[PDB]
Amino acid sequence: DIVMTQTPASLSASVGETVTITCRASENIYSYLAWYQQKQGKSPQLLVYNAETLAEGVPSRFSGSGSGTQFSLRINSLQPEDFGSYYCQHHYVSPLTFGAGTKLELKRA
Amino acid sequence: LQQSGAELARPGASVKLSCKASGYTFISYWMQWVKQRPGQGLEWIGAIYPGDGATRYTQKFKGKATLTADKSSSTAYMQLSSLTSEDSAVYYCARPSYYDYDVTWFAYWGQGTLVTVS
Amino acid sequence: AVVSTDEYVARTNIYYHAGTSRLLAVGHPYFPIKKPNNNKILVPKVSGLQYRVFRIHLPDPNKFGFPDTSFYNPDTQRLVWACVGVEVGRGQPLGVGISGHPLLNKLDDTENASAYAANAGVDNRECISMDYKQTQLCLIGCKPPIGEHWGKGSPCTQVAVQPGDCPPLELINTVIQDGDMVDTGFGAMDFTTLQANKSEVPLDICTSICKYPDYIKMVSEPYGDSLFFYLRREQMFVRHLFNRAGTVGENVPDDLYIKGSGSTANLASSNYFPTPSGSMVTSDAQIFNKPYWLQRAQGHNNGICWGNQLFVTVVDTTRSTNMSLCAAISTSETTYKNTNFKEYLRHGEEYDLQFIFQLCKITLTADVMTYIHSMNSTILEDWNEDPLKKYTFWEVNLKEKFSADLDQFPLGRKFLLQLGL
Amino acid sequence: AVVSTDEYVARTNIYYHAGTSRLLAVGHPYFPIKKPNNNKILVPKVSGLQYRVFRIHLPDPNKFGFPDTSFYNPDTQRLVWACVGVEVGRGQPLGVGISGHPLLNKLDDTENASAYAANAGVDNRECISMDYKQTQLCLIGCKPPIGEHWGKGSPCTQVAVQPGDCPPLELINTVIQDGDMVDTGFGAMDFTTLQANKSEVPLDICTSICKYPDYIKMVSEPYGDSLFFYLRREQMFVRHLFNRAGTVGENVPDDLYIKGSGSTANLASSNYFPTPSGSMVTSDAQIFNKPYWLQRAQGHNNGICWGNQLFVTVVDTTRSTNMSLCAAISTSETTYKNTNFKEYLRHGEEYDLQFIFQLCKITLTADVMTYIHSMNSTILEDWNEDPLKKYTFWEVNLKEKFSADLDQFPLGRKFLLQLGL
């Protein structure tokens, strides 16, 4: 099946910091990539669809980019509510597959 | 997308999971089913279009999952059979907003049902 | 068994001419203008795309006062008028109209695309107009004309109609009334009950029913009273090829294509619809302002106007020109301001009906009375209230218009010259 | 040697009229709607671009019950129906349809370009529609119609077909069945077996076979039973000129051009394909709703309906209007939402077949029986199970529709008037 390779698996960052999570497809998926956020103990929520378009209620600090096989999700100036897990998923054709996930955690001393 | 909180199943048996839609024109959208085990990520099971019964299944779940719908009650159902410990997981139903090829988002998810095989 | 009227209807040698002065109709092309709070019609809808059904009233030849009455026996027989010649005069210059909708359901241009179209958001409707299909037709009979159109059929008592489910079709026969709309390129259907959208077609047919004469049914009619003569001329071609916004009611079977990806991952609406276009209009192709000699009818009723009635249905889109007239709110400023001017639309239609009638006599024998009684009992009852009060048509009274001097009229001269004696 | 039926078939003076009530067909224009999990057809594919093959069943004149039977000797002879008049009635308003594909293989517009086109990536398919070529035709005979189309021929046992190799062509004769598709501008071929792509033509012919009547073969036919009368009217022109995405199957010989450079270094696809367009449709050009008098056949079978059968093949794209009907999922919100309406497509076809049959007698002499036996042994066997069960056509039963009173029907009146006596 089509494989989504998502990196990094884990990422630490501070509030105010800009981070980027990337997803690479095994074969061309065009622009049909989606991104989801999943907080601890909650169901996933869609942030991005069609590789770069913001979903309902998503702050403009989030931005998706890419088309073909290489994609990225960038979060400018991280806020406290941005920590949690992120997943990419293509929505080009069936079967739909997900990236492995990135756990974004908050840096502290 | 109201889903029952939990199901307790006996090994080898089947389980029928429900998903009640409300607040929108049910027959206009597909229904997505996704599996989540604590250790791994999210896994797609399949999707169904209630308006005509069209289904799509992950090869992994072909022969395992059956998708159907009850348009009079706006409820989507998924059945799994020959349950083993590997099937114990939280199962979510979700919707897929489709307006055109460039406007779509599967953004609304149910609460999930914890299926425990024991 | 039915028999030709030539069997029991005798032809006299008396002929009369009759004609409307000059009928005139002025109104708004797309919809009627009325008081918002009220419902009274201030200005009517008058379009070249409507049917014109004229209910022609003739003076009862039996009550009529002829100079000589020796030509028949008022004891053994009765009199009926027979239509032998018709001239549908039209009076405006030839021209083509145009109809649209400010919010027409038109997604993208599918006639030619350089890249895959974006994605349907919410309301992608466009302000679009088109020149309808050209139609010229004339139906004559002693019964009103009958049309056909597709409407919403009654559902079968089973599977409960899920909201949004496609409605069932049913060909529905109806009486064509004056003011009804003609198929304009989107076929003959009831758009109100088959299109919740209210934006699939231009305003003028948008919440109406476009009906098509049911020629087959009318000619099959045993007695053939509904129509004993007709002329039809319709033409149309595809100007544009569009897409319909909305949601897939029925999905495209995946055995008909290979799944795309990226942009082509999601299938674009394959609910195509074309924009009609009745080409150029021409004099050489005119059907009107020419006399029609109804001598041999293909039906059994050979132009006999039972009930002293006569129906003339007409549709002429070759003079559909709409004229925009705008008044200034102020006659001061020497600088144009859209706002200083109120724009309107009006359309005028001009008719002039002319006929040549031949007096006829029927000896009321037993057999004849039995036949006529079966055919239409009212005939005899009326001899020695309106049965179609429900329907509406352009009422035309000719009781005071008959004249024995064909000589004095254009259709009359034509008739004499044509029939020699 | 074959001989005219006039030789051995005797013409009586009895004539009967027969007609279908009014056939009606409603379905989806591009493909059949069925249950996904299932395979039963819920809504059939009904398009103005399909062939309509009517299998007309006639009452056996030998088993028939005539008021008088003195006109022939049931010992020395037999009876056969001869078709002498046909009227193919059509009933919807004239109009043009339209077909497309959400993923049509159309690279770039090659009709006119200002700069060399980009570069084929992956899937450059576009959502494109078009108005097919216009076709009107009617075939009549006592045997089903035969068509031709290009299909994938069998390969020669040598050079192992390398995957992607161009498939061999072969003209294939087939029986035209009711529901088959007519050439639409892309010729008569089997797109399923000749286009793996599945995106070269619109959905409605995409996985079908467009067949063309093999007029030549049918007229060559010795006895001429397959067709003893026909009318054909087809027209088409190039609306757009496109390019085909994909990879060069056969390269352009370099002796035909001078190598480019930079942008023109790489040759663009020279696999051009045009978009058809059957122009305007018109009344004046109608083929139907006119009677056809089959008096002198060009074949040897002069309209004899051996087997009490009769085939009427038709194709009429002058009434191909497809109507979109959409239902609202919710009747609340006063704000348009594409998601609130389910868009659909339906197309309706209306027919009405009428015939005039002449009773005929055949004295079963030796010679006659030898001839008829050679020609079609079943004739005699049936005299004093369906051989085409494999094929499917619109079955039409007229065994209870014959009437001796031509007078009472429109085609009948026409016939009398035409034949005088």
# chains A, B, ... in the order shown; residues from 1 in each chain; ligands from 1
$ interface_residues --of "chain C" --to "chain A" --cutoff "9 Å" --atoms "only C-alpha atoms" --output "PDB file with C-alpha atoms, in the first residue's frame"
ATOM      1  CA  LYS C 259      -8.968   6.714  -9.748  1.00  0.00           C
ATOM      2  CA  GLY C 260      -6.967   9.907  -9.931  1.00  0.00           C
ATOM      3  CA  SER C 261      -4.739  11.464  -7.266  1.00  0.00           C
ATOM      4  CA  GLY C 262      -3.669  14.817  -5.877  1.00  0.00           C
ATOM      5  CA  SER C 263      -5.954  17.198  -7.763  1.00  0.00           C
ATOM      6  CA  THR C 264      -7.657  14.497  -9.840  1.00  0.00           C
ATOM      7  CA  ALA C 265      -8.158  12.525  -6.620  1.00  0.00           C
ATOM      8  CA  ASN C 266     -11.647  13.983  -6.267  1.00  0.00           C
TER       9      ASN C 266
END
$ closest_atom_pairs --of "chain C" --to "chain D" --cutoff "6 Å" --atoms "only C-alpha atoms" --output "CSV"
residue,atom,partner,partner_atom,distance
C:110,CA,D:128,CA,4.8
C:111,CA,D:129,CA,5.7
C:116,CA,D:126,CA,5.7
C:122,CA,D:337,CA,5.2
C:123,CA,D:337,CA,5.7
C:163,CA,D:329,CA,5.0
C:164,CA,D:329,CA,4.3
C:194,CA,D:325,CA,5.3
C:195,CA,D:326,CA,5.0
C:196,CA,D:327,CA,5.4
C:233,CA,D:283,CA,5.4
C:234,CA,D:283,CA,5.5
C:235,CA,D:282,CA,4.3
C:236,CA,D:280,CA,5.2
C:237,CA,D:280,CA,4.1
C:246,CA,D:338,CA,4.1
C:247,CA,D:342,CA,4.8
C:248,CA,D:343,CA,5.7
C:249,CA,D:342,CA,4.5
C:257,CA,D:198,CA,5.3
C:268,CA,D:102,CA,5.6
C:270,CA,D:102,CA,5.8
$ select_by_dssp --residues "range 271-346 of chain C" --states "helix (DSSP H, G or I)" --output "list in words"
residues 306, 307, 308, 338, 339 and 340 of chain C
$ write_last_selection --atoms "N, CA, C and O atoms" --output "short mmCIF file (atom, residue, chain, number, x, y, z; two decimals), in the first residue's frame"
data_model
loop_
_atom_site.label_atom_id
_atom_site.label_comp_id
_atom_site.auth_asym_id
_atom_site.auth_seq_id
_atom_site.Cartn_x
_atom_site.Cartn_y
_atom_site.Cartn_z
N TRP C 306 -67.75 22.60 -33.69
CA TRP C 306 -68.81 22.19 -32.78
C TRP C 306 -68.83 23.14 -31.59
O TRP C 306 -67.77 23.51 -31.06
N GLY C 307 -70.03 23.53 -31.18
CA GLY C 307 -70.18 24.44 -30.06
C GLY C 307 -69.92 25.88 -30.46
O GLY C 307 -69.89 26.76 -29.61
N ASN C 308 -69.74 26.12 -31.74
CA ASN C 308 -69.47 27.46 -32.21
C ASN C 308 -68.21 27.98 -31.52
O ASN C 308 -68.08 29.17 -31.22
N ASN C 338 -24.88 55.30 -12.21
CA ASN C 338 -25.79 54.16 -12.40
C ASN C 338 -27.03 54.31 -11.58
O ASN C 338 -28.05 53.66 -11.78
N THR C 339 -26.87 55.13 -10.64
CA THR C 339 -27.83 55.09 -9.65
C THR C 339 -28.91 56.08 -9.87
O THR C 339 -29.97 56.03 -9.26
N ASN C 340 -28.59 56.97 -10.77
CA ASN C 340 -29.52 57.98 -11.13
C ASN C 340 -30.57 57.38 -12.07
O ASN C 340 -31.60 58.00 -12.30
#
$ select_by_dssp --residues "range 106-147 of chain D" --states "strand (DSSP E or B)" --output "PyMOL selection string"
chain D and resi 109+126-131+134-141+146-147
$ atom_distance --atom1 "CA of residue 133 in chain C" --atom2 "CA of residue 317 in chain C"
8.3 Å
$ closest_atom_pairs --of "range 10-98 of chain A" --to "range 43-61 of chain B" --cutoff "7 Å" --atoms "only C-alpha atoms" --output "CSV"
residue,atom,partner,partner_atom,distance
A:94,CA,B:56,CA,7.0
A:95,CA,B:58,CA,5.3
A:96,CA,B:44,CA,6.4
A:97,CA,B:44,CA,6.6
A:98,CA,B:43,CA,6.9
$ write_last_selection --atoms "N, CA and C atoms" --output "compact mmCIF listing (two decimals), in the first residue's frame"
# COMPACT_ATOMS: atom_id res chain seq x y z
N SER A 94 -8.15 5.36 -2.19
CA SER A 94 -8.17 4.30 -1.20
C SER A 94 -7.14 3.24 -1.58
N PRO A 95 -6.56 2.55 -0.59
CA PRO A 95 -6.76 2.73 0.85
C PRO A 95 -6.09 3.97 1.42
N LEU A 96 -6.75 4.59 2.40
CA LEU A 96 -6.22 5.81 3.01
C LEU A 96 -5.19 5.32 4.03
N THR A 97 -4.02 5.97 4.07
CA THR A 97 -3.00 5.62 5.06
C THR A 97 -2.45 6.84 5.78
N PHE A 98 -2.02 6.60 7.01
CA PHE A 98 -1.51 7.63 7.92
C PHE A 98 -0.01 7.56 8.08
$ interface_residues --of "chain A" --to "chain B" --cutoff "12 Å" --atoms "only C-alpha atoms" --output "PyMOL selection string"
chain A and resi 1-2+6+9+30-38+40-58+85-103
$ residues_around --residues "residue 89 in chain B" --least-positions-apart "4" --cutoff "7 Å" --atoms "only C-alpha atoms" --output "number ranges by chain"
B: 35-37, 114-116
$ write_last_selection --atoms "N, CA and C atoms" --output "JSON list (two decimals), in the first residue's frame"
[["chain", "number", "residue", "atom", "x", "y", "z"],
["B", 35, "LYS", "N", -9.35, 2.89, 13.51],
["B", 35, "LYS", "CA", -8.93, 2.10, 14.66],
["B", 35, "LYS", "C", -7.78, 2.77, 15.39],
["B", 36, "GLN", "N", -7.81, 2.73, 16.71],
["B", 36, "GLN", "CA", -6.70, 3.24, 17.48],
["B", 36, "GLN", "C", -6.35, 2.33, 18.66],
["B", 37, "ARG", "N", -5.13, 1.82, 18.65],
["B", 37, "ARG", "CA", -4.56, 1.03, 19.73],
["B", 37, "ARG", "C", -3.56, 1.98, 20.36],
["B", 114, "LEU", "N", -14.67, 1.90, 23.04],
["B", 114, "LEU", "CA", -13.59, 1.03, 23.47],
["B", 114, "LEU", "C", -14.04, -0.42, 23.42],
["B", 115, "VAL", "N", -13.48, -1.19, 22.48],
["B", 115, "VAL", "CA", -13.81, -2.59, 22.35],
["B", 115, "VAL", "C", -12.74, -3.40, 23.08],
["B", 116, "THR", "N", -13.16, -4.14, 24.10],
["B", 116, "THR", "CA", -12.25, -4.96, 24.86],
["B", 116, "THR", "C", -12.60, -6.42, 24.70]]
$ closest_residue --among "C:274, C:299, C:19, C:67" --to "residue 244 in chain C" --atoms "only C-alpha atoms"
C:274
$ atom_distance --atom1 "CA of residue 287 in chain C" --atom2 "CA of residue 11 in chain C"
28.7 Å
$ interface_residues --of "chain C" --to "chain B" --cutoff "6 Å" --atoms "only C-alpha atoms" --output "PyMOL selection string"
chain C and resi 118-120+266
$ residues_around --residues "residue 65 in chain D" --least-positions-apart "2" --cutoff "12 Å" --atoms "only C-alpha atoms" --output "mmCIF file with C-alpha atoms, in the first residue's frame"
data_model
loop_
_atom_site.group_PDB
_atom_site.id
_atom_site.type_symbol
_atom_site.label_atom_id
_atom_site.label_comp_id
_atom_site.auth_asym_id
_atom_site.auth_seq_id
_atom_site.Cartn_x
_atom_site.Cartn_y
_atom_site.Cartn_z
ATOM 1 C CA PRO D 59 -50.196 -12.832 -34.859
ATOM 2 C CA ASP D 60 -49.760 -15.914 -37.084
ATOM 3 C CA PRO D 61 -52.059 -15.227 -40.057
ATOM 4 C CA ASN D 62 -52.606 -18.986 -40.258
ATOM 5 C CA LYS D 63 -53.777 -19.254 -36.634
ATOM 6 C CA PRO D 67 -64.294 -13.239 -40.608
ATOM 7 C CA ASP D 68 -63.944 -14.662 -44.128
ATOM 8 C CA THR D 69 -61.575 -17.471 -45.132
ATOM 9 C CA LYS D 399 -50.836 -10.142 -31.729
ATOM 10 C CA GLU D 400 -53.801 -8.331 -30.095
ATOM 11 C CA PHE D 402 -54.415 -5.851 -35.527
ATOM 12 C CA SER D 403 -57.531 -4.041 -36.738
ATOM 13 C CA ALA D 404 -59.239 -4.246 -40.083
#
$ residues_around --residues "residue 371 in chain C" --least-positions-apart "4" --cutoff "10 Å" --atoms "only C-alpha atoms" --output "PDB file with C-alpha atoms, in the first residue's frame"
ATOM      1  CA  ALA C   1     -66.946   3.417 -35.475  1.00  0.00           C
ATOM      2  CA  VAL C   2     -66.081   7.079 -36.083  1.00  0.00           C
ATOM      3  CA  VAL C   3     -66.764   8.717 -39.430  1.00  0.00           C
ATOM      4  CA  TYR C   8     -73.166  13.853 -41.964  1.00  0.00           C
ATOM      5  CA  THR C 365     -81.953  11.947 -38.521  1.00  0.00           C
ATOM      6  CA  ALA C 366     -82.029   9.113 -35.990  1.00  0.00           C
ATOM      7  CA  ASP C 367     -78.570   7.780 -36.774  1.00  0.00           C
ATOM      8  CA  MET C 375     -69.627  11.973 -29.723  1.00  0.00           C
ATOM      9  CA  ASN C 376     -70.568  14.964 -27.627  1.00  0.00           C
ATOM     10  CA  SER C 377     -74.049  15.086 -26.145  1.00  0.00           C
TER      11      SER C 377
END
$ closest_residue --among "D:200, D:214, D:255, D:178" --to "residue 45 in chain D" --atoms "only C-alpha atoms"
D:178
